[PDB]
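Novice:
Number of protein chains: 2
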Amino acid sequence: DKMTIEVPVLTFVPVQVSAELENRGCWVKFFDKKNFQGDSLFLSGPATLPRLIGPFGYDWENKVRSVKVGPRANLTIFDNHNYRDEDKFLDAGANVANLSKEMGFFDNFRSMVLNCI
Amino acid sequence: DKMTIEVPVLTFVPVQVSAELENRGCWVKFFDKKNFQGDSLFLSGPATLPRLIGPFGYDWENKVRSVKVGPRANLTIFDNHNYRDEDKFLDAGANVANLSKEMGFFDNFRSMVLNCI
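Residue numbers (the authors' numbering), protein chains in the order written: chain A, 24 to 140; chain B, 24 to 140.
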């Protein structure tokens with residue numbers, strides 16, 4: 024669906040703030056290891072990313088191995104950059120311990136849209 | 024100053040949330056280029072970082088060229104990791120168009136403490 028036009032802001036925040044954001048329900052957590060292990064990148068929705076990059080040379084393609092989607096969030100991932108080609112849809116509450124093509128997704132999605140519901 | 028013991032959370036937040044945090048005043052913006060040009064990393068305090076890294080292989084040492092300190096923040100950067108060796112303190116509202124030793128700072132600070140006032 025149509026969404027606000029803006030570029031998500033990469034930011035470090037205290038735990039109090041992320042907890043607050045997490046409680047709102049529109050979020051996603053990307054883990055670098057399967058089964059939600061390892062450190063994770065947290066995204067508060069909505070977020071439209073044609074490329075998995077960020078300020079200061081941040082490039083996190085080929086890192087995500089597992090995902091958790093908030094209760095009030097919808098996540099759409101694409102196989103190529105710029106929301107191009109095949110897509111996969113993860114509904115609220117989704118928990119994918121093994122984000123791979125073999126488990127029904129992609130081995131390395133390259134763009135995404137996080138929408139709040 | 025004794026602060027909360029926690030690890031800052033790397034997050035992508037929507038402009039609205041970002042604006043709210045900036046409004047609270049305890050923030051710092053690190054720019055990729057001198058004179059506040061290019062993209063920047065936004066940090067909302069408090070934040071204690073013994074290393075300039077983040078989830079998913081984020082490593083931003085040798086990146087910050089300029090800085091802006093919020094109206095309600097205090098920044099202290101260290102020349103070495105783990106808050107070691109020489110330090111430079113920046114008062115609230117402070118700005119550094121050229122972060123380097125020449126300008127009386129460091130060419131590549133490696134740890135920092137962002138406290139709120």
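Even for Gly, the Cβ is constructed at its ideal location relative to N, Cα and C.
Are there three or more Cβ pairs, one per stretch, closer than 8 Å when the segment 82-100 of chain A is compared with the segment 45-63 of chain A?
Specialist: They touch, by the three-pair rule.
Novice: Does chain A have any CB closer than 7 Å to the CB of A70(B)?
Specialist: True, the Cβ-Cβ gap to chain A drops below 7 Å.
Novice: Using 8 Å for Cβ pairs, my map puts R133(B) next to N103(B). What's the rounded Cβ distance?
Specialist: So it is a contact: roughly 6 Å between Cβ atoms.
Novice: Any beta carbon of chain A sitting closer than 7 Å to that of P37(B)?
Specialist: Yes, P37(B) counts as interfacial toward chain A.
Novice: To the nearest angstrom, report how far apart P69(A) and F129(B) are at their CA atoms.
Specialist: So the two alpha carbons sit approximately 37 Å from each other.
Novice: Going residue by residue through the segment 30-59 of chain A, where are the continuous beta strand (DSSP E) segments of at least 3 residues, counting only ones entirely within it?
Specialist: Complete beta strand (DSSP E) runs here, min 3: 32-36, 50-56.
Novice: Measure the CB-CB distance between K57(B) and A115(B) and report whether it falls below 7 Å.
Specialist: Not in contact: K57(B) and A115(B) (Cβ atoms no closer than 7 Å).
Novice: Please confirm if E29(B) has its CB atom under 7 Å from at least one CB of chain A.
Specialist: Interface residue, yes.
Novice: Hey, could you find the ends of the beta strand (DSSP E) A96(B) is sitting in?
Specialist: Segment 96-101, the beta strand (DSSP E) holding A96(B).
Novice: Name the chain B residues that come within less than 8 Å of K86(A), Cβ to Cβ?
Specialist: Under the 8 Å cutoff, chain B gives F79, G80.
Novice: In chain B, what lies closer than 9 Å to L66(A) by C-beta?
Specialist: What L66(A) touches in chain B: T34, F35, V36.
Novice: Taking all protein chains shown into account, decide if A96(A) is buried (16 or more other Cβ within 10 angstroms of its Cβ) or exposed.
Specialist: Looking at its Cβ environment, which holds 16 or more other Cβ atoms inside 10 Å, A96(A) is buried.
Novice: In angstroms, rounded to a whole number, what distance separates the CA positions of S67(A) and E125(B)?
Specialist: Cα to Cα, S67(A) sits roughly 39 Å from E125(B).
Novice: Determine which residues share a DSSP beta bridge with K111(A) and list them.
Specialist: Beta-bridge pairing links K111(A) to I100(A).
Novice: Relative to the C-alpha of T27(A), which candidate in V38(A), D62(A), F65(A), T71(A) has its C-alpha closest?
Specialist: For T27(A), the nearest C-alpha among the options comes from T71(A).
Novice: Give the DSSP bridge partners of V90(B), in chain order.
Specialist: DSSP lists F53(B), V119(B) as partners of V90(B).
Novice: Measure the C-alpha to C-alpha separation of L113(B) and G77(B) and round it to an integer number of angstroms.
Specialist: About 23 Å.
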